[PDB]
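Position one of the sequence shown corresponds to residue 21 (the numbering used here), numbered consecutively onward. Ideal Cβ positions, reconstructed from N, Cα and C, are used throughout, including at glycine.
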Amino acid sequence: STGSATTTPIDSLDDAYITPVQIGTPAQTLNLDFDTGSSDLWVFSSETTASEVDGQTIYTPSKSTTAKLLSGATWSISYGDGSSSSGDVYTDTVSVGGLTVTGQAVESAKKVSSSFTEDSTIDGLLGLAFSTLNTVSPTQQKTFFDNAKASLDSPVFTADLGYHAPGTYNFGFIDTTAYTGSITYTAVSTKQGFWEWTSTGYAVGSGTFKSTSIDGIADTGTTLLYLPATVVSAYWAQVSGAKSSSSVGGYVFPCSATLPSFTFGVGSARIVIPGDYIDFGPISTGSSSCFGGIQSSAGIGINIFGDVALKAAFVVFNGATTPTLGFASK
(Lines of atoms letter the chains of each structure in order from A and count residues from 1; the text may use other names and numbers.)
(Lines give C-alpha, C1' and ligand atoms only; values in the text may rest on other atoms or scores of the structure.)
Protein backbone atom coordinates (compact mmCIF):
# COMPACT_ATOMS: atom_id res chain seq x y z
CA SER A 1 0.00 0.00 0.00
CA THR A 2 0.89 3.67 -0.25
CA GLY A 3 -0.53 7.02 0.81
CA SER A 4 -0.08 10.57 -0.48
CA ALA A 5 -1.43 13.72 1.18
CA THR A 6 -0.93 17.40 0.58
CA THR A 7 0.44 19.47 3.43
CA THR A 8 -0.35 23.19 3.58
CA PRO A 9 1.25 26.06 5.54
CA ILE A 10 -0.99 27.41 8.29
CA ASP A 11 -0.04 31.03 7.65
CA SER A 12 2.02 33.37 5.49
CA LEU A 13 5.23 32.60 7.43
CA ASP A 14 5.10 28.79 7.14
CA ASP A 15 4.93 28.58 10.95
CA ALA A 16 3.68 25.00 10.60
CA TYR A 17 2.01 22.73 8.07
CA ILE A 18 -1.31 20.91 8.28
CA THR A 19 -2.30 17.69 6.56
CA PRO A 20 -5.85 16.32 6.42
CA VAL A 21 -6.35 13.03 8.27
CA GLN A 22 -9.47 10.85 8.30
CA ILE A 23 -10.36 9.39 11.71
CA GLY A 24 -13.21 7.04 12.51
CA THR A 25 -16.31 5.74 10.76
CA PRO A 26 -17.86 7.68 9.12
CA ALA A 27 -14.70 9.67 8.56
CA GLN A 28 -14.02 12.75 10.66
CA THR A 29 -11.40 14.84 8.86
CA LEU A 30 -9.02 16.76 11.10
CA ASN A 31 -6.05 18.85 9.99
CA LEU A 32 -3.00 17.58 11.84
CA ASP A 33 0.55 18.84 12.24
CA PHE A 34 2.79 15.97 11.10
CA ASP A 35 5.73 16.03 13.51
CA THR A 36 8.85 13.91 12.90
CA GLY A 37 10.10 15.12 16.30
CA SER A 38 7.42 13.42 18.41
CA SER A 39 5.52 10.17 18.54
CA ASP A 40 1.95 10.83 19.70
CA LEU A 41 -1.11 11.18 17.46
CA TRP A 42 -3.35 13.43 19.52
CA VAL A 43 -6.44 15.43 18.64
CA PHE A 44 -8.75 18.10 19.88
CA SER A 45 -11.89 16.21 20.81
CA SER A 46 -15.34 16.23 22.39
CA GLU A 47 -13.43 15.65 25.66
CA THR A 48 -11.27 18.78 25.39
CA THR A 49 -11.95 21.39 28.09
CA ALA A 50 -14.39 23.73 26.35
CA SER A 51 -12.56 26.96 27.24
CA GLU A 52 -9.42 25.53 25.59
CA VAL A 53 -11.10 25.01 22.21
CA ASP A 54 -11.20 28.05 19.91
CA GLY A 55 -12.06 27.16 16.33
CA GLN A 56 -10.46 23.72 16.00
CA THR A 57 -12.28 20.80 14.47
CA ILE A 58 -12.80 18.11 17.09
CA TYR A 59 -12.85 14.32 17.01
CA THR A 60 -15.97 12.88 18.63
CA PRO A 61 -15.35 9.21 19.37
CA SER A 62 -19.00 8.58 20.32
CA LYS A 63 -19.90 9.30 16.67
CA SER A 64 -17.43 6.73 15.32
CA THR A 65 -18.64 3.14 15.03
CA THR A 66 -15.03 1.92 15.02
CA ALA A 67 -13.81 3.88 18.08
CA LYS A 68 -12.98 1.94 21.23
CA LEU A 69 -11.76 3.32 24.54
CA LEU A 70 -8.29 2.02 25.32
CA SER A 71 -9.21 1.36 28.90
CA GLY A 72 -6.93 2.84 31.54
CA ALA A 73 -4.58 4.49 29.07
CA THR A 74 -3.55 8.11 29.52
CA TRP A 75 -1.04 10.38 27.84
CA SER A 76 0.73 13.63 28.59
CA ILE A 77 3.29 15.42 26.47
CA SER A 78 5.44 18.52 26.69
CA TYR A 79 7.13 19.97 23.62
CA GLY A 80 10.36 21.89 23.11
CA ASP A 81 8.52 25.20 22.85
CA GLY A 82 6.95 24.72 26.28
CA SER A 83 3.51 23.74 25.00
CA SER A 84 1.72 20.66 26.28
CA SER A 85 -1.38 18.51 26.13
CA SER A 86 -2.82 15.44 27.84
CA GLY A 87 -5.80 13.13 27.94
CA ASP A 88 -7.04 9.60 27.40
CA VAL A 89 -6.91 7.22 24.45
CA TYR A 90 -9.12 5.55 21.86
CA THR A 91 -8.26 3.16 19.10
CA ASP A 92 -9.87 3.87 15.74
CA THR A 93 -9.32 3.71 12.00
CA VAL A 94 -7.00 6.41 10.69
CA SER A 95 -6.33 7.17 7.04
CA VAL A 96 -3.78 9.50 5.50
CA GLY A 97 -3.85 10.16 1.78
CA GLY A 98 -5.59 6.87 1.09
CA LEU A 99 -3.43 4.75 3.43
CA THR A 100 -5.47 3.18 6.21
CA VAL A 101 -4.41 1.86 9.62
CA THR A 102 -6.93 0.05 11.79
CA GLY A 103 -6.51 0.06 15.56
CA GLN A 104 -4.42 3.24 15.62
CA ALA A 105 -4.08 4.89 19.03
CA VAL A 106 -5.86 8.25 18.81
CA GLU A 107 -5.00 10.28 21.87
CA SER A 108 -7.94 12.45 22.86
CA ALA A 109 -7.00 15.73 24.53
CA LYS A 110 -8.69 16.65 27.78
CA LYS A 111 -6.33 19.60 28.23
CA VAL A 112 -4.17 21.65 25.86
CA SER A 113 -1.90 24.59 26.59
CA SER A 114 -2.59 28.10 25.39
CA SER A 115 -0.41 27.89 22.26
CA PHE A 116 -2.60 25.06 20.95
CA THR A 117 -5.85 26.84 21.83
CA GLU A 118 -4.64 29.97 20.08
CA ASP A 119 -3.88 28.13 16.87
CA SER A 120 -7.30 27.52 15.35
CA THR A 121 -5.80 25.88 12.26
CA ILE A 122 -4.16 22.90 14.02
CA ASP A 123 -6.56 20.18 15.15
CA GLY A 124 -3.81 18.01 16.67
CA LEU A 125 -0.46 16.38 15.96
CA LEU A 126 0.55 13.20 14.16
CA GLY A 127 3.90 12.04 15.46
CA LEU A 128 6.39 10.42 13.11
CA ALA A 129 9.47 10.00 15.34
CA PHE A 130 10.23 6.58 16.80
CA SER A 131 7.56 4.86 18.88
CA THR A 132 9.90 4.68 21.88
CA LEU A 133 8.98 8.35 22.52
CA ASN A 134 5.24 7.70 22.64
CA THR A 135 3.81 8.93 25.96
CA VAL A 136 0.83 6.61 26.42
CA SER A 137 0.84 4.86 29.81
CA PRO A 138 0.82 2.14 31.00
CA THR A 139 1.02 0.57 27.54
CA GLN A 140 3.11 2.56 25.07
CA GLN A 141 1.55 2.90 21.63
CA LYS A 142 2.90 2.87 18.07
CA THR A 143 2.94 5.73 15.60
CA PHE A 144 0.85 5.74 12.46
CA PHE A 145 4.00 5.01 10.44
CA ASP A 146 5.05 2.11 12.63
CA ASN A 147 1.57 0.58 12.37
CA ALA A 148 1.46 1.09 8.59
CA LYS A 149 5.00 -0.07 7.89
CA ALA A 150 4.45 -3.75 7.24
CA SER A 151 1.72 -2.96 4.72
CA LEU A 152 3.70 -0.34 2.82
CA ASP A 153 5.31 -1.06 -0.55
CA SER A 154 8.57 0.26 0.95
CA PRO A 155 9.09 1.11 4.65
CA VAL A 156 9.51 4.83 4.09
CA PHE A 157 7.79 8.15 4.20
CA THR A 158 8.88 11.38 2.55
CA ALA A 159 8.48 15.04 3.45
CA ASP A 160 8.34 17.58 0.64
CA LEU A 161 7.47 20.85 2.35
CA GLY A 162 6.79 23.99 0.33
CA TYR A 163 8.10 27.49 0.78
CA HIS A 164 4.98 29.63 1.09
CA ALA A 165 3.18 26.87 -0.84
CA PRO A 166 1.65 23.42 -0.36
CA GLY A 167 3.78 20.29 -0.39
CA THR A 168 3.38 16.56 0.10
CA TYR A 169 3.80 13.73 2.59
CA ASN A 170 4.06 10.32 0.89
CA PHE A 171 4.00 6.93 2.60
CA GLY A 172 5.41 3.77 1.10
CA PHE A 173 7.11 5.12 -2.01
CA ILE A 174 9.65 7.61 -3.27
CA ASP A 175 8.27 9.94 -5.97
CA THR A 176 11.21 10.17 -8.35
CA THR A 177 9.58 13.18 -10.09
CA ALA A 178 9.61 15.24 -6.87
CA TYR A 179 13.33 15.99 -6.67
CA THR A 180 16.31 16.82 -8.83
CA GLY A 181 19.60 14.94 -9.03
CA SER A 182 20.14 12.05 -6.63
CA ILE A 183 19.16 11.34 -3.03
CA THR A 184 22.04 11.24 -0.56
CA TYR A 185 21.46 8.93 2.37
CA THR A 186 23.03 9.39 5.77
CA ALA A 187 23.08 7.38 9.01
CA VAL A 188 20.48 7.80 11.74
CA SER A 189 20.80 7.21 15.47
CA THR A 190 17.54 6.24 17.14
CA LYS A 191 19.11 6.36 20.62
CA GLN A 192 17.08 9.44 21.63
CA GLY A 193 13.97 8.41 19.66
CA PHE A 194 14.51 11.01 16.94
CA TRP A 195 15.56 11.01 13.31
CA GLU A 196 19.01 12.06 14.49
CA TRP A 197 21.82 12.44 11.98
CA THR A 198 25.12 14.28 11.47
CA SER A 199 25.50 17.04 8.93
CA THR A 200 28.96 17.35 7.41
CA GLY A 201 29.17 21.16 7.58
CA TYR A 202 27.88 24.46 6.33
CA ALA A 203 28.45 27.55 4.22
CA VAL A 204 27.07 31.06 4.48
CA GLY A 205 26.05 32.66 1.20
CA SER A 206 28.77 32.28 -1.42
CA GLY A 207 31.35 31.57 1.28
CA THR A 208 33.61 28.57 1.55
CA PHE A 209 32.20 25.36 2.99
CA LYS A 210 33.26 24.59 6.57
CA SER A 211 33.64 20.86 7.16
CA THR A 212 32.39 20.16 10.66
CA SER A 213 30.11 17.51 12.16
CA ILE A 214 26.76 18.85 13.35
CA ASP A 215 24.55 16.29 15.07
CA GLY A 216 20.88 17.18 14.95
CA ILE A 217 17.34 16.00 14.32
CA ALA A 218 15.12 16.21 11.27
CA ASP A 219 12.01 17.74 12.81
CA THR A 220 9.03 18.76 10.67
CA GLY A 221 7.24 20.01 13.79
CA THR A 222 9.81 22.73 14.51
CA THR A 223 9.55 25.89 12.43
CA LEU A 224 13.14 27.13 12.47
CA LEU A 225 16.70 25.90 12.03
CA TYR A 226 18.51 25.68 15.39
CA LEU A 227 22.28 25.25 15.18
CA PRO A 228 25.33 25.78 17.40
CA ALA A 229 26.03 29.36 18.45
CA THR A 230 29.28 29.45 16.48
CA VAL A 231 27.50 28.58 13.21
CA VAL A 232 24.60 30.96 13.85
CA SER A 233 26.95 33.84 14.71
CA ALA A 234 28.87 33.24 11.47
CA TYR A 235 25.61 33.43 9.51
CA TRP A 236 24.22 36.61 11.09
CA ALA A 237 27.59 38.38 10.93
CA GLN A 238 26.99 38.55 7.17
CA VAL A 239 23.81 40.61 7.64
CA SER A 240 24.30 44.31 8.34
CA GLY A 241 22.54 45.30 11.54
CA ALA A 242 21.67 41.78 12.66
CA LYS A 243 21.95 41.10 16.38
CA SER A 244 20.84 38.71 19.04
CA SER A 245 18.10 40.26 21.15
CA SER A 246 17.40 38.76 24.57
CA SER A 247 14.19 40.82 24.73
CA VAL A 248 12.87 39.36 21.47
CA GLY A 249 14.31 35.88 22.06
CA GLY A 250 16.84 35.44 19.29
CA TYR A 251 18.49 36.95 16.27
CA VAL A 252 16.72 39.82 14.57
CA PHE A 253 17.72 41.73 11.49
CA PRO A 254 16.65 44.86 9.62
CA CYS A 255 13.61 44.17 7.47
CA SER A 256 15.42 46.09 4.71
CA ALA A 257 18.09 43.37 4.47
CA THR A 258 18.68 40.87 1.71
CA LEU A 259 19.55 37.63 3.51
CA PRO A 260 22.31 35.30 2.32
CA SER A 261 21.61 31.66 1.66
CA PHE A 262 22.72 28.94 4.07
CA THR A 263 24.12 25.61 2.89
CA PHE A 264 24.24 22.43 4.94
CA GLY A 265 26.11 19.24 4.15
CA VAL A 266 24.64 15.78 3.78
CA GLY A 267 27.62 13.52 3.23
CA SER A 268 29.38 14.98 0.19
CA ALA A 269 26.12 16.58 -0.98
CA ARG A 270 24.90 20.09 -0.24
CA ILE A 271 21.42 21.50 0.42
CA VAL A 272 21.03 25.23 -0.15
CA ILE A 273 18.48 27.17 1.88
CA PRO A 274 17.68 30.40 -0.02
CA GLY A 275 17.95 33.58 2.01
CA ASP A 276 14.23 34.29 1.68
CA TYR A 277 13.48 31.07 3.60
CA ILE A 278 15.29 32.58 6.60
CA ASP A 279 12.98 35.62 6.81
CA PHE A 280 10.25 35.29 9.45
CA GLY A 281 9.05 38.83 9.10
CA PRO A 282 8.43 41.67 11.52
CA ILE A 283 8.82 40.81 15.19
CA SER A 284 5.52 42.60 15.84
CA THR A 285 3.06 44.05 13.39
CA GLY A 286 4.55 47.04 11.56
CA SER A 287 8.03 46.69 13.04
CA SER A 288 11.12 47.19 10.89
CA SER A 289 12.93 44.53 12.93
CA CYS A 290 12.51 41.08 11.42
CA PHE A 291 12.93 37.68 13.09
CA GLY A 292 15.58 35.30 11.82
CA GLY A 293 14.93 31.76 10.71
CA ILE A 294 18.32 30.46 11.88
CA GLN A 295 18.67 30.56 15.66
CA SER A 296 21.03 29.21 18.29
CA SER A 297 20.40 25.77 19.77
CA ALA A 298 22.42 26.70 22.87
CA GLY A 299 20.33 25.71 25.86
CA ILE A 300 17.96 23.52 23.82
CA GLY A 301 20.41 20.68 24.18
CA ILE A 302 20.06 19.52 20.59
CA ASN A 303 20.42 20.95 17.09
CA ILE A 304 17.18 20.96 15.10
CA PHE A 305 16.83 20.83 11.35
CA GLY A 306 13.32 22.22 11.36
CA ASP A 307 11.09 23.38 8.52
CA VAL A 308 13.47 26.16 7.37
CA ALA A 309 16.00 23.47 6.45
CA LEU A 310 13.70 20.64 5.48
CA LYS A 311 11.59 22.68 3.05
CA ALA A 312 14.74 23.27 0.96
CA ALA A 313 14.92 19.50 0.31
CA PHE A 314 13.05 16.36 -0.59
CA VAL A 315 13.54 14.28 2.56
CA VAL A 316 13.29 10.50 2.85
CA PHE A 317 12.60 9.02 6.26
CA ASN A 318 13.72 5.44 5.72
CA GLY A 319 12.27 3.17 8.40
CA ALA A 320 13.97 -0.02 7.25
CA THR A 321 15.51 -2.27 9.91
CA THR A 322 18.48 0.10 9.96
CA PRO A 323 16.86 3.52 9.55
CA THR A 324 18.47 6.22 7.45
CA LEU A 325 17.64 9.71 6.16
CA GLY A 326 17.87 10.83 2.55
CA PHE A 327 18.10 14.37 1.20
CA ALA A 328 17.76 15.60 -2.37
CA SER A 329 17.58 19.05 -3.87
CA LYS A 330 14.33 19.93 -5.59
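Sort the options by Cα distance to residue i and report the nearest one.
i      : options                        : result
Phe54  : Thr69, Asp143, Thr68           : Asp143
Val41  : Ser151, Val126, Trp95, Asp195  : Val126
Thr218 : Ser65, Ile324, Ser82           : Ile324
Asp34  : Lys350, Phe347, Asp327, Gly339 : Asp327
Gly313 : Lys263, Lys130, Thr163         : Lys263
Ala348 : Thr250, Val208, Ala179         : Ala179
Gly213 : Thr250, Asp195, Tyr183, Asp166 : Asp166
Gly117 : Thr49, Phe334, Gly261          : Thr49
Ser308 : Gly321, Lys131, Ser276         : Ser276
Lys230 : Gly182, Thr342, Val286, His184 : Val286
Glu216 : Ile322, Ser71, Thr341          : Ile322
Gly261 : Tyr183, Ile38, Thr278, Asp139  : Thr278
In whole angstroms, what is the alpha-carbon distance linking residue i and residue j?
i      : j      : result
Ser59  : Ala168 : 14 Å
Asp299 : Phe337 : 27 Å
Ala149 : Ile237 : 10 Å
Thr243 : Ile30  : 11 Å
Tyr297 : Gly102 : 24 Å
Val121 : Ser115 : 6 Å
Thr45  : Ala332 : 37 Å
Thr210 : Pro81  : 33 Å
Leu247 : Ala318 : 8 Å
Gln161 : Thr155 : 8 Å
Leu146 : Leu119 : 14 Å
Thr220 : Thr69  : 46 Å
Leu153 : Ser98  : 12 Å
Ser151 : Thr232 : 30 Å
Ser135 : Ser65  : 16 Å
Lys88  : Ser157 : 17 Å
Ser133 : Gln124 : 24 Å
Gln76  : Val176 : 30 Å
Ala36  : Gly182 : 11 Å
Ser171 : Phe193 : 12 Å
Can you tell me which of the three DSSP states residue i falls into?
i         : result
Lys211    : coil
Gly236    : strand
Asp112    : strand
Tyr199    : coil
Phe229    : coil
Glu216    : strand
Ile314    : strand
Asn154    : coil
residue 8 : Residue 8 falls outside the range modelled here, since the chain spans only 21 to 350, and no answer is possible.
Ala329    : helix
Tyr297    : helix
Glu127    : strand
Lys88     : strand
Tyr99     : coil
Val121    : strand
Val292    : strand
Am I right that residue i and residue j are in contact with their C-beta atoms under 8 Å? What's the rounded C-beta distance?
i      : j      : result
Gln315 : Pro280 : Going by Cβ atoms, the distance from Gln315 to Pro280 rounds to 16 Å, so no, they are not a contact pair.
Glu67  : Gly107 : 6 Å
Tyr222 : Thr283 : 6 Å
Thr94  : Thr240 : Actually they do not touch by this definition, with Cβ atoms about 26 Å apart.
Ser91  : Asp112 : Going by Cβ atoms, the distance from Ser91 to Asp112 rounds to 14 Å, so no, they are not a contact pair.
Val63  : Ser128 : 6 Å
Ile303 : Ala329 : The Cβ separation is near 22 Å, so there is no contact.
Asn51  : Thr141 : 7 Å
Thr344 : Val208 : 5 Å
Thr28  : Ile38  : 6 Å
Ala254 : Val224 : 6 Å
Quick check on residue i - is its C-beta less than 8 Å from some C-beta in chain D?
i      : result
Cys310 : Absent from the structure is chain D; it holds one protein chain and no more.
Contact between the region 180-198 and the region 23-31 is defined here as three or more beta-carbon pairs at a separation below 8 Å; is this criterion met? The region 180-198 makes contact with the region 23-31, as at least three CB pairs between them are under 8 Å.
At least 3 beta-carbon pairs within less than 8 Å: the region 195-202 vs the region 262-281: No, the region 195-202 does not touch the region 262-281.
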